[PDB]
Amino acid sequence: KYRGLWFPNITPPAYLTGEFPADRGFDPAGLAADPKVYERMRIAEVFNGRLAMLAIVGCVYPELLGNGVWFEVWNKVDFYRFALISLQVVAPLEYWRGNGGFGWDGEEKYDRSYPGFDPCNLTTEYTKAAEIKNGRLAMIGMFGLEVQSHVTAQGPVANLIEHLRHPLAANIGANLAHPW
Amino acid sequence: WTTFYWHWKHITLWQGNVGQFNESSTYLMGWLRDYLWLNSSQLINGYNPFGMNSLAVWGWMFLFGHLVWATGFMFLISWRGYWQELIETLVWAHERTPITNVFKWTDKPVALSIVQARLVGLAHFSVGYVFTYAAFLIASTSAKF
Amino acid sequence: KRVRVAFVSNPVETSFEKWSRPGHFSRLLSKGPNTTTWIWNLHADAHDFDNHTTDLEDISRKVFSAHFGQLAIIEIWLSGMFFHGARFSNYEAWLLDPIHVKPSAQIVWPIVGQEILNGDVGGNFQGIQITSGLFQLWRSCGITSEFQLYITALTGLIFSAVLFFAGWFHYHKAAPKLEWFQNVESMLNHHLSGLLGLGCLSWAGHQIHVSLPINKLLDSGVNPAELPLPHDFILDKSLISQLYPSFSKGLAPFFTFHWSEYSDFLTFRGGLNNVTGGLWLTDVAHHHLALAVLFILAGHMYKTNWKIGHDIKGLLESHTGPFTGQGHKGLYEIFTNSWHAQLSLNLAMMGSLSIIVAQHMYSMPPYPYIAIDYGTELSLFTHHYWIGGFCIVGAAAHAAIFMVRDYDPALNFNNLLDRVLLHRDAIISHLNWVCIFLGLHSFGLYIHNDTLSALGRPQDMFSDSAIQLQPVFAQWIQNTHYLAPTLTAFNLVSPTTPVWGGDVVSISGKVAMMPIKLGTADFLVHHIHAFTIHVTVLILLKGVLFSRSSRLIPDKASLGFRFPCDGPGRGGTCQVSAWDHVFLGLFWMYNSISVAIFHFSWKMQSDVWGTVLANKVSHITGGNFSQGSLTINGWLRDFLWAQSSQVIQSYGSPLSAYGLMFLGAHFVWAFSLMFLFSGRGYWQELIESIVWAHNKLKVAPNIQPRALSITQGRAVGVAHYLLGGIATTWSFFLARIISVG
Amino acid sequence: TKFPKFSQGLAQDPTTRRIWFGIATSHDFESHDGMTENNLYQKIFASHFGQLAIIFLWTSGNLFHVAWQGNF
Amino acid sequence: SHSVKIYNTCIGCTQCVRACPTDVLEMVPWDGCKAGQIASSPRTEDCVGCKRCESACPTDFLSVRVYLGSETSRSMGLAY
Amino acid sequence: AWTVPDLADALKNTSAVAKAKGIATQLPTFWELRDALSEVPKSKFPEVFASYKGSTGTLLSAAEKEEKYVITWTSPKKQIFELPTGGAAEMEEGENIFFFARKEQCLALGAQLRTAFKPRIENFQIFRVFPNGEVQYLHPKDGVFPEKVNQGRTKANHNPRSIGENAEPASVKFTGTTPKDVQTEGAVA
Ligand code: CLA
Ligand code: CLA
Ligand code: CLA
Ligand code: CLA
């Protein structure tokens, strides 16, 4: 099980053996040294990633369609109604995800990271790594969107188009040199 | 040739200017210019950027005829082996593309036969010939009368 | 040492004997005719040198000598153009009034009424208006007299004789050996540094010393009769000093590397002259001089006789990565033993170069007064586009001849060429998908618009006033090219052309160049172009990769490059050969170029060419391309039907020859279908009944009439189709743009 | 497969040829498998009745649509 | 399957046999010609219908003759 | 004498069978190759690539479900030949085995073996292999190449007339026969 590392000549932690997808020997802050936490962290990493992937497409695509910018949506949409209705809808779904099924004791023991919602039988220890890596990329992206929202105060497609039109007058250097 | 002559001869008699046919019909640029080119003006304006009139159906059937006639030339000019070798590569791509493979044919895809394609070419050619002329004949006569 | 001239004296005897023995070159043809098939075979097989002999030395010799004959015929053709220009033209009249006099260099004799073709072109002259750009090219050279045109035409005829001589000499008297021909590093060094390097230096020399003064004086209205002759600029340095004062410093700046002293004739301004509408000749001089330096440098890169330089075989063998097996190994042997491989690569490049020439010469008009000659502009674009398409299809032909005739499996084991052939079903199948996808999402959009227009729903159309498809990348590129003189090409004054943006260049009233803007219509045509090129690659590449074998026929190579079929079994195997792929690619190249030149003609007539009054620009078709081109009906109505009025109303005028050529070409095109849609079984049985009647009246011929072969029928069919199609467009284009513009 | 049932040769073909050549030979009754002169004349006679009915239905539809939707 | 028949005008030149790409024909002994061999077609289930044999035959109106018939996967030349 | 050979005796040589299976496999899906490259360091990248040895011209699914063909021969030297399915391969000194999907591809390679090598290879044997496991020997069917006349062969599909002596189709109408199969000696199915 050869695997690459996140920084050239480092040595991986001893609890990261490559046994799991998208392991690149990266845990300097030692947050997965205990195995049971490493189990939950693994579920959390895939779930934050999946949500960032949905989020970043959700943030970009309506702005491409001219339906508005993602961080200005709350002057046309009421947040509190949206969030009430969303939590009503989401709650039994999240419940069942954490529960492992519909039963009170779990019963119908399902994988809460990788359930079988796959009609194309595409699941391998490789596609798992691709899902993780795409997710990590999207999480970094959604971090970018939020910081860019605050610093430049324009949307992300606008930010891209500005960089393409004026690469020297629209970059992190120029935008942070000024008061912002 | 017989219907073009009948049409142009009547269209000029009915409009009164039989001179047009008498003068122009002796050379082929006359047929092209004073029959085909001139009497296609309203037909090809059936739908324009400004709007559309009831000649828009014959306009569209006129271009449809052009397309069906031209599609017949593919069958009449390119012959079978070309297509049999291309279809072999598509059968390979279907068999080797994952997920999709599970859809299997019951009848092995092959290229049309030699006679078959002569017939299909002739049928495209005939339908387009008829549909184009009927569009032109009805739209031109109905436009001016 | 190693690179050396090596030859053989007197290897072939000059005699008219074999001239009197047709077919001599073939073992089969030399037995004489028995059927008419022989005659056709004699013409079809004449230049196929690798089917005459097996010796590669004898083939190389024939090739070299044939090349001299081609140069001789080109030189006759040029000499003709100069002579017609000196003796039957209005070049001296046009030189006084370029804007009003129309260039003409073909007069017709009065017989049977044809004198009507001698039109009123100006300069007290009657003749046929020419659209080749010669007069503008001559003016740019500095030619002002007919005497100079005469001298050039005589020198060229002598030079043509000398080249015919060289061909005879280098074949019959002193023929090089194969070792000579195989010195590819010497050849590259000489052709880059000598032919292109010194050629550019020499021509920069002519420009600096002859074309720049004479044009500078002429653009300041100096009447060509009282211009100095070109040597006068060389002998008297005071003449050229008045125009460019740097010459007063002579060659001292050059040798002390103070080259900035020559910045008055070696500029970098960019854009068009405001008087002539051409590029600035001082730029053209700097361009050619910079090229010279780079070509002379480049030709110093390969090793010949002196221990410095790169070895090409090494260079190729060095570049090998992991996906590609043994990599570029074996190619050096292919490119120094196969003439067909070289001819393939060189035709692909020559064809691609012709198309680049076409696209670069309309946007950056290089000759004085050529941009406001709209007939020239349209002609040269179209000409160079056709030449390009033909060469590319030839490149595919000769590649397939290489695979069938000169491919050695042994010398190509697990290199790139072998790996290509191991995944040829993946290559063709992906190309197939891309072609279907581009077909549906491009021509499907026109069918969409036509249908929704006809249904009375124009707000559902793909249009600039509807569902927009904007070409945003090309717009981005245009903007960047327009701003370039301010940061990324700082030392440039103006951008390379008005096309990128800015103001209208207009000589007299007429527009030379003006910005070309892109929107939905430009998007759809561009994706139609991408579709038709992809399909042509699909047909040609399939023919090259499946030339030796396929699932259908395992032993195609043994049947050869050109064979009609392998019989009616396996479902039918008509047209499996690689030759038959070149035949179908000719039709798709015809379709592709035809759409491109229609795009150009309509876009230029609608959005660039016209007349300026103050600042308002009145285009020839009044901006109907942007809306009118979004349906097939609009292409038929606003282009084909409307712009065809000039050619069909040309009888009784000096444009009537275009009217006749328009009908004649429609005829030849339809005649081609008799060959393309039938087969020789029918014709051979009809010829049997005709041969009966000749037999009954004892006048049957001894050379037995045979119907043409399958291959020849296909060849005749595509020849007459391509001729009739292209000539039709030629008539229609010239009659239109000679009348209106 | 099964279609076309009048030709075993075609109905053994494992390709898409079977379909196309099945449609194109369906009315050529002489070339059908195990065709006799009696059976040939009797299928011709019936098909003739079928053509007649199609013609009378066509006329009936012209009359109907003109009576219902026209302006006679 | 296609049907390949041999007629008595054969002169036993073996050219058809050499031409055939799917080994359908062979030479068997005969006394009707000087070469003392005739062509025969035992394996006509393997005939693809190419008619290469008829192109090879040098007799005036061929002695070998291929009548195309019903298609199979073998006769249709299919690798799928 | 000559006896009908067996593929089993040919297939005993495990190296030659391995090679045959190697070469008659399809090229891998991009996904699979990506995974293989993913499990090795960079230095070992060409070894992964060197592990594939097939093409896209090889057997598809019909071979598994209908029939495949096998050619065997013995070469005197290690030499490169051209596959009838596109591309090149190496014959080893000794026994070679190769799988193909049609009989025409087999015989095409056979034809190349008998023309394009300086010690000519004449000893190839072609077999048809069914999915169940029956192996039918095909060529040369009786030990002698079919262009050479051999005793024991019989006439098949001989018509004892010239072609002009066939009947007219209008004379055998509604009888179930054609003119071409009247009085045919050795009429096969
Ligand atoms: C001047 C007299 C002369 C004579 C008597 C010979 C004699 C011979 N040559 Mg040599 N040759 C000559 C000049 C001569 N050549 C020149 C000038 C060159 C340079 C081109 C050559 C280059 C050459 C080569 C490469 C070969 C020969 C060969 C031969 C032998 C056979 C030639 C033959 O039968 O074709 C007679 C053919 C013609 C009369 C056709 C001429 C086509 C000319 C070149 C171009 C015409 C294009 C024209 C403008 C038409 C365009 C289209 C039209 C519709 C307008 C014969 C010994 C051949 C040989 O050795 O075979 C073994 C051979 O391969 N010669
Ligand atoms: C530098 C360019 C170049 C060169 C040197 C060659 C050389 C050759 N070609 Mg290649 N080829 C080229 C470009 C070239 N070709 C291009 C552009 C195409 C695409 C059209 C081809 C497509 C091609 C094919 C398909 C074949 C060749 C073949 C050949 C070989 C024999 C040619 C022959 O005997 O014809 C003798 C010449 C003729 C019969 C003249 C034909 C006249 C044409 C059809 C009409 C011209 C019309 C005219 C311009 C205008 C109208 C005339 C007027 C009277 C109405 C020869 C090696 C052949 C081969 O197999 O060799 C292995 C072959 O089959 N070529
Ligand atoms: C107008 C005449 C015509 C047409 C329409 C075609 C069409 C085609 N040719 Mg043929 N061809 C022609 C003349 C024509 N050819 C001629 C004259 C020859 C010379 C002999 C050839 C020789 C030839 C060769 C050699 C090849 C082609 C290929 C193709 C296919 C290209 C792939 C493609 O674009 O499919 C997309 C289909 C079209 C663009 C056809 C129109 C489809 C319409 C717009 C859609 C129909 C409505 C649909 C029901 C709507 C669904 C969506 C909607 C609800 C939103 C295509 C089927 C190539 C091919 O098959 O490669 C894959 C190929 O290799 N052709
Ligand atoms: C025989 C030729 C014929 C044709 C071409 C048509 C055509 C049409 N009918 Mg009409 N129809 C017909 C006979 C015909 N009808 C007769 C005889 C009656 C009286 C029973 C009707 C009663 C009728 C009604 C109430 C309506 C139509 C309508 C229509 C239009 C849409 C199709 C439809 O909805 O009909 C559906 C079909 C029927 C209701 C019954 C049709 C009975 C005929 C005989 C069908 C068989 C035709 C033919 C023999 C089949 C052979 C073809 C085969 C070889 C491939 C279409 C113009 C609709 C309309 O007006 O839209 C504007 C509509 O509402 N038709």
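Please report A:111, C:120, F:181 as a ranked list, fewest other C-beta atoms within 10 angstrom at the top and most at the bottom. Before the final figure, lay out the partial values.
On the way: A:111 9, C:120 12, F:181 15.
Neighbour counts put them in this order, fewest first: A:111, C:120, F:181.
If you filter region B:51-138 for trypsin sites (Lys or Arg not before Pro), then keep DSSP loop positions with at most 13 other Cβ within 10 Å, what is left?
On the way: sites: B:80, B:96, B:104, B:118; in loops: B:104.
Loop-located and lightly packed - B:104.
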Query - Among C:719, C:628, C:599 - extreme Cα towards positive end, dipole of region C:585-736, charges at beta-carbon - result: C:719
Report task. Just rank C:556, C:249, fewest to most, by other beta-carbon atoms within 10 angstrom. Result -> C:249, C:556
Query raised in the report: Can you list the HN-Hα couplings for region A:170-176, worked out from phi with the Karplus curve (6.51, -1.76, 1.60; θ = phi - 60°), rounded to whole Hz and with x for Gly and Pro?
Result: 9, 8, 5, x, 6, 7, 9
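Longest segment of chain C with no GluC sites (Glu not before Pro) in a DSSP loop having at most 12 other Cβ atoms within 10 Å? List each step's numbers first, then the result.
Details: sites that count: C:13, C:17.
No qualifying site falls inside C:18-741, the longest such stretch.
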Query raised in the report: Using every alpha carbon pair in region C:421-516, what percent of pairs falls into each 10 Å bin from 0 up to the bin containing the largest distance?
Result: 13, 21, 21, 26, 16, 2, 0
**Report entry** Size of charge dipole - chain D - debye, nearest 20, with Cβ of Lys, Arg +1 and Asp, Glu -1, no other charges
**Finding:** 240 debye
**Report entry** Residues with amide H under 5 Å from that of residue C:704, placed H, sequence gap 5 or more
**Finding:** C:35, C:36
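Please quote Rg/Rh for the protein assembly as shown to two decimal places, taking the Kirkwood radius as Rh and restricting both calculations to Cα atoms.
Numbers: Rg = 38.2 Å, Rh = 38.9 Å.
That ratio equals 0.98.
Structure shown: which of B:9/B:144; C:31/C:696; E:5/E:51; C:556/F:180 lie over 21 Å apart, alpha-carbon to alpha-carbon? List each step's numbers first, then the result.
Details: B:9/B:144 15 Å; C:31/C:696 29 Å; E:5/E:51 12 Å; C:556/F:180 32 Å.
Over 21 Å Cα-Cα: C:31/C:696; C:556/F:180.
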Query raised in the report: With point charges of +1 on the Cβ of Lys and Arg and -1 on the Cβ of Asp and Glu, referenced to the Cα centre of the protein assembly as shown, which listed residue (F:106, A:147, F:18) lies farthest in the positive direction of the dipole?
Result: F:106
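So how strong a dipole does chain A carry about its Cα centre when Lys and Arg Cβ are +1 and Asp and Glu Cβ are -1, to the nearest 20 debye?
Computed about the Cα centre, the dipole is about 320 debye.
Can you sort C:631, C:382, A:11 from fewest to most other Cβ atoms within 10 Å of each residue's own Cβ? Provide the component values of the computation, followed by the final result.
Numbers: C:631 28, C:382 22, A:11 7.
If I rank by nearby Cβ atoms, fewest first, I get A:11, C:382, C:631.
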Report task. Let me know the whole percent of all Cα-Cα pairs from region C:652-741 that are separated by more than 20 Å. Result -> 55 percent
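So what's the projected area for chain D, the Cα convex hull averaged over all directions, in nm²? Walk me through the numbers on the way to the answer.
Working: hull surface 28.1 nm².
Quarter of the Cα hull surface area: 7.0 nm².
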Report task. Collect residues whose amide H, placed 1.01 Å from N in the peptide plane, falls under 5 Å from the amide H of residue D:15; neighbours closer than 5 in sequence don't count. Result -> B:108
Query raised in the report: Between the helical axis of D:37-69 and the dominant principal axis of chain D, each derived from Cα atoms, what acute angle in degrees is found, rounded to the nearest 10?
Result: 30 degrees
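Using Cα-Cα distances under 8 Å and only pairs 6 or more residues apart, what relative contact order does region C:603-741 have, in percent?
Values: 130 pairs, mean separation 42.2, N = 139.
Relative contact order here is 30 percent.
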Query raised in the report: Simple spin-label model, 7 Å along Cα-to-Cβ: residue D:54 to residue F:116 in nm?
Result: 5.5 nm
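For chain C, what is the relative contact order in percent, using Cα pairs closer than 8 Å and at least 6 residues apart in sequence?
12 percent
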Query raised in the report: Once the Cα atoms of helix B:2-15 and of chain B are each reduced to a long axis, what angle between those two axes, in degrees from 0 to 90 to the nearest 10, is obtained?
Result: 40 degrees
Query - Alpha-carbon Debye profile of region C:217-321, log10 I(q)/I(0) at 0.12, 0.13, 0.14 Å⁻¹ - result: -0.65, -0.72, -0.78
Report summary line: Projected area averaged over all directions for the convex hull of the alpha carbon atoms of region A:31-180, nm², comes out at 13.6 nm²
Report summary line: Taking the convex hull of the alpha-carbon atoms of chain E and averaging its shadow over every direction gives an area in square nanometres of 4.8 nm²
Query - Unit charges on C-beta of K, R, D, E only; dipole of region C:439-588, Debye - result: 480 debye
Query raised in the report: On the first, second and third principal axes, largest extent first, how far apart are the outermost C-alpha atoms of region F:74-189 in Å?
Result: 62, 33, 27
Query raised in the report: For the cross-link pairs C:102/C:517; A:1/A:128; F:21/F:53; C:313/F:44, which exceed 19 Å when the distance is taken from alpha carbon to alpha carbon?
Result: C:102/C:517; C:313/F:44
Report summary line: Rounded to the angstrom and largest first, Cα extents along the principal axes for region F:1-95 equal 57, 34, 24
Query raised in the report: Once phi is turned into θ = phi - 60°, what whole-Hz ³J(HN,Hα) does the Karplus curve with 6.51, -1.76 and 1.60 give for every residue of region C:242-258, x standing for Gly and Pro?
Result: 4, 7, 10, x, 4, 4, 4, 7, x, 8, 5, x, 5, 6, 9, 6, 9
Report summary line: Farthest towards the positive end of the dipole of chain F, among F:56, F:7, F:145 and with Cβ unit charges of +1 on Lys and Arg and -1 on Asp and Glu, lies the Cα of F:145
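Can you quote the Å³ per residue value for the convex hull of the Cα atoms in region C:632-689, rounded to an integer? Spell out each step's value before the answer.
Values: hull volume 6.4 nm³, N = 58.
Dividing the Cα hull volume of region C:632-689 by its residues yields 111 Å³.
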Query raised in the report: Structure shown: which of C:18/C:173; D:5/D:43; D:5/F:68; C:510/C:603 lie over 24 Å apart, alpha-carbon to alpha-carbon?
Result: D:5/F:68
**Report entry** Amide H within-cut-off set for residue C:467, under 5 Å, with H built and near neighbours excluded
**Finding:** C:461
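How many Å³ per residue does the convex hull of the Cα positions in region C:304-361 occupy? Let's see the in-between values first.
On the way: hull volume 9.3 nm³, N = 58.
Output value, Cα hull per residue: 161 Å³.
At 1.002 mPa s and 20 °C, plugging the Kirkwood radius over alpha-carbon pairs of chain B into Stokes-Einstein gives what diffusion coefficient in µm²/s? Each step should come with its number before you reach the end.
Numbers: Rh = 18.7 Å.
Result for D is 114 µm²/s.
Grab the DSSP H runs of chain E that are 4 residues or longer, score each as -39,500 (n - 2.57), total them, divide by all residues and round the 222 nm result to the nearest 500 deg cm²/dmol.
Taken over chain E, the calculation gives -2500 deg cm²/dmol.
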Report summary line: Longest principal axis of chain B (C-alpha) makes with the long axis of helix B:80-96 (C-alpha) an angle, in degrees to the nearest 10, of 50 degrees
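With each run of n ≥ 4 DSSP H residues scored as -39500 (n - 2.57), what mean residue ellipticity at 222 nm is computed for chain F after dividing by its residue count and rounding to the nearest 500 deg cm²/dmol?
Numbers: 6 runs with 44 residues, N = 189.
The per-residue figure over chain F is -6000 deg cm²/dmol.
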Report summary line: Whole-Hz Karplus couplings 3J(HN,Hα) for region C:669-684, θ = phi - 60° and coefficients 6.51, -1.76, 1.60, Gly and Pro as x, run 5, 5, 4, 5, 6, 4, 6, 6, 9, 10, x, 7, x, 4, 5, 6
Report summary line: One checks the Cα atoms of chain C and finds Rg and Dmax, in Å, of 29.2, 93
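As a check on your grasp of the helix formula, calculate [θ] at 222 nm for chain D: sum -39500 (n - 2.57) over DSSP H runs of n ≥ 4, divide by the residue count, round to the nearest 500.
Values: 3 runs with 45 residues, N = 72.
Calculated at 222 nm, the ellipticity per residue is -20500 deg cm²/dmol.
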Query raised in the report: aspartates and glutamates within cross-link reach of residue C:177: Cα-Cα under 19 Å, excluding same-chain residues under 8 positions apart?
Result: C:13, C:50, C:55, C:57, C:58, C:185, C:333
**Report entry** region A:23-89 - Rg and Dmax from Cα coordinates, angstrom
**Finding:** 17.6, 48
Report summary line: Cα extents of region C:336-463 per principal axis, largest first, Å, are 65, 46, 18
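Each value in this text was obtained by applying a stated rule to the coordinates, not by laboratory testing. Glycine gets a Cβ as well: all are built from the backbone with ideal geometry, and neighbour counts include every protein chain shown.
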